[PDB]
Amino acid sequence: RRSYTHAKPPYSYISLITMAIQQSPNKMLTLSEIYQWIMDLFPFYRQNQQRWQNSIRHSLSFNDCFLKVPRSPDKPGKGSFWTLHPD
DNA sequence: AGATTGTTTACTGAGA
DNA sequence: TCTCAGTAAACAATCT
Ligand SMILES: [K+]
């Protein structure tokens, strides 16, 4: 068995996150759902996950276009949801 | 206790 | 030359 090389798809981390959220049924995703959507669709991101996931977490917090949404206390779980800022 | 999630600072290189 | 994107890492809050 051998490994194969994929080229990075042409999207910034902001675009990848935005597309992930826009296509989801509730217009909001957890962090791991975002990782999973990106890996499901772009096989380039099935490698170096320690790196690019650090960068996704950084971009979610650093950029004002991403908004954290708390879980309702009646539905507790790991992490919060991420949605797009209403502007 | 350990791992994940989230925030923050500091670089650094791409590109205009 | 200057902005922004992506990397690295420290550290804390909050999960398992
Ligand atoms: K944010």
Side-chain angles (χ1 to χ4, degrees):
Chain A
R1 137 185 55 180
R2 71 161 272 180
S3 97
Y4 300 97
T5 291
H6 295 82
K8 196 182 180 141
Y11 293 113
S12 64
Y13 288 133
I14 282 162
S15 298
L16 294 170
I17 297 161
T18 302
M19 317 217 264
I21 291 162
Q22 288 185 309
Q23 63 77 56
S24 63
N26 312 126
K27 309 279 172 263
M28 82 178 175
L29 299 186
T30 65
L31 183 62
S32 53
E33 287 179 340
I34 291 166
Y35 299 159
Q36 192 68 42
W37 180 86
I38 293 173
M39 288 181 314
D40 275 5
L41 188 127
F42 302 112
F44 166 110
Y45 286 114
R46 293 180 198 170
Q47 327 267 24
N48 305 301
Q49 314 180 14
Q50 174 251 37
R51 184 153 81 220
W52 66 262
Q53 293 174 359
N54 198 346
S55 300
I56 290 284
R57 293 191 305 278
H58 166 85
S59 150
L60 285 166
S61 289
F62 185 69
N63 289 114
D64 303 333
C65 51
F66 304 125
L67 168 61
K68 215 167 56 187
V69 189
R71 290 173 180 272
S72 288
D74 287 37
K75 284 281 183 280
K78 177 169 47 101
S80 294
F81 299 99
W82 290 97
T83 200
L84 293 160
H85 188 283
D87 213 11

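A note on names: the letters A, B, ... follow the listed sequences, proteins ahead of strands, and every chain is numbered from 1. Just so you know, ligand 1 is whichever comes first in the structure, and atom 1 is the first atom listed for that ligand.
Dense packing is recorded around CZ of A:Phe44, with more than 12 heavy atoms of other residues, nucleotides or ligands lying under 6.0 Å away.
Not one N or O on the side chain of A:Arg57 forms a donor-acceptor pair closer than 3.5 Å with the backbone of A:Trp52.
Relative to the six-membered ring of A:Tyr13, A:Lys8 meets both conditions, a distance below 6.0 Å and an angle of at most 45° to the axis.
Within the coordination shell of the K ion (ligand 1), defined by N, O or S atoms under 3.4 Å, A:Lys68 is absent. The K ion (ligand 1) has A:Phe66 among its coordinating residues (N/O/S atom, backbone or side chain, under 3.4 Å).
To the nearest 10 degrees, the K ion (ligand 1) sees O of A:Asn63 and O of A:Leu60 at an angle of 80°.
Between A:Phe42 and A:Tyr11, the ring-plane angle classifies as tilted under the 30° and 60° cut-offs.
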